[PDB]
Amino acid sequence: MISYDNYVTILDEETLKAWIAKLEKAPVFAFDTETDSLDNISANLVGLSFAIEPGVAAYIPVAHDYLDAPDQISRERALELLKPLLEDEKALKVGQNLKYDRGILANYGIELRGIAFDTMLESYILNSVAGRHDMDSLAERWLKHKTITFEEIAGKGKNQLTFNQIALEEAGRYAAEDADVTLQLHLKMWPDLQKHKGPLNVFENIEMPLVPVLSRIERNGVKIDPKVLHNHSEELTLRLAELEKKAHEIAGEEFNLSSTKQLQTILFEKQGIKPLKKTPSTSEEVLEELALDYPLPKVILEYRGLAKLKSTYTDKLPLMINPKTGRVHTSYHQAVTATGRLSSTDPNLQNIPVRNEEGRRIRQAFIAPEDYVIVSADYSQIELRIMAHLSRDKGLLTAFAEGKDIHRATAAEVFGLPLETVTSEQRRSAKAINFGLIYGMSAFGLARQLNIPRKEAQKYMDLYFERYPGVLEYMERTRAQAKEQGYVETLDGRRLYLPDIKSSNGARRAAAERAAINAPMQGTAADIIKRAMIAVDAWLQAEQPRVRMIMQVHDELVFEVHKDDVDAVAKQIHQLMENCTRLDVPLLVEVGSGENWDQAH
């Protein structure tokens, strides 16, 4: 175990002050906030734990209120004594997911500064795909030490105790060990992080500074109109009933909208070709092929889609409105993607259909408060611009340089015809190629997306590579370093480790290769987006203008800008994003505004 002998439980000021004194002279120290909820904005601080060095940690319980809880330093007293240390930018702190702790202290008017090391981000930058980056996994992985699990002290299910109900000493064991272990983890990882300037730069200048900005974005939240969302729900229910009647009307009898069961016995039994359509999917969708002529597969397609959308955003979103703010606070994950892109949950902003009407109606529900407007700043096809840069292709670079539509320019070159005359089919073909390249898509895969025969796709690809040599070179040079060094990195040095690069297995290695070509571009976009956030947030914090960065989805940053400041701010956001980030990639930021996210979008 870990007993009560390990860490002191600070129950008096004198001892707290003694610790604060020791904390002031420690080179770095790890600390944790303990609370009664995961919901940052409404969580209450139950106590704090600090680690001055390995083995020396303490828990200061401030709000444990179970039956007969012993006297504790009051939260306010503890916080006013601790405040100076926490706010001192010179006092360097280490923590596991400091984003969370920074937010909790903010609930008390304390501005956590000195957010120097986050063991979570250390782990993530060391090797994003090494496994899970939570304390329990880290402690075991790096220290062969199994930390006291939260469940161990709190329990499970509905009857799980909140921290304030847990006995002082038990709470002590958990909090102090966590603080202790975080410090040890940092001590093991920090040295490693310096063995390579790449990862080091990323962690230092990209990940770490992003911590307080993510906290700020999450705590600000986004205004969602529940009324609009409910109307949408109602309408969707009517559309589902209607589409369902239309389904039955096209065939005979009633049936679920489930393939490999009901649809095949109808569709192919009424003429068509036997294979169904898996919902794999983004390569062979038999249902939408038939849709250009066959009516039934067309309605089943739209029905399921609307069904998915309704339950996920229409029915859920209103439930996510925080009673304390009356806003939705999405949870961004800084250490989850293999590439380094921020992901999002509750809600997963990225799964809201972009090119679809219903998705648009969802975005319409993301509204600007009175006298404010939504401002969307998007990096126009940044990944394609990155690829142009990475491949040093003058063709692509020039296309972007002279503001031409690369998909049309690509088509103009691949199919050899004037830019003004490239047709939508050709532009769409060049587009399938362009984006196919980012994901390292095989010629056969491109054919499946373009509905053209194999080798016809290959014909297009050979013609591309001939007209755009740099891209092939890039692809080859990337697959090359991938095998030689087992990893690929972004312009900022962010690394993605490809263990199955020499897999000796087929598809597993193939995957590693697609990842090899893709990650540098996707990862670089991530890096850029993160630097834009830091840059923008810095201006926000310094100049204090009437604007809130409320979202980050894909390559766009979304704000709430005061209507009277829109222009000045629009200019400023724009310059910050396409000028105060990397200066090597030809970047373009499309800024838009409107009454809601869909409008600015």
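The term rigid core refers to the maximal set of C-alpha atoms that superpose within 1.5 Å between the two forms. Residue numbers run from 1 along the displayed sequence.
Taking the rigid core as the alignment reference, the C-alpha atoms of 247-255 lie farther on average from the displayed form in 7 other deposited structures of this protein than those of the other stretch among 247-255 and 361-369. Stretch 285-293 is the one, of 285-293 and 349-357, whose CA positions lie farther from the shown form in 7 other deposited structures of this protein once all structures are superposed by the rigid core. A chain break between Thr279 and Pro280 is present, corresponding to 4 to 9 residues of the deposited sequence without coordinates. Judged by mean Cα B factor in the deposited record, 444-452 ranks above the other of 310-318 and 444-452. Between 381-389 and 462-470, it is 462-470 that carries the larger average Cα temperature factor according to the deposited entry. Residues shown: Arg341, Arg495, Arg479, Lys188. Highest C-alpha temperature factor in the entry: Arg479. When the C-alpha B-factors of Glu122, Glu152, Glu302, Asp71 are read from the PDB record, the largest value belongs to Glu302.
Per the PDB record, residue ranking by Cα B-factor puts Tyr372 in the middle third of the chain. Per the deposited record, the Cα B-factor of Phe255 falls in the highest third when ranked against the other modelled residues of its chain. Residue-level temperature factors show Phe117 in the lowest third of its chain, judged at the C-alpha atom.
In the PDB entry, a CA B factor belonging to the middle third of its chain's modelled residues is recorded for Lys90.
In the PDB entry, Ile20 places in the lowest third of its chain by CA B-factor.
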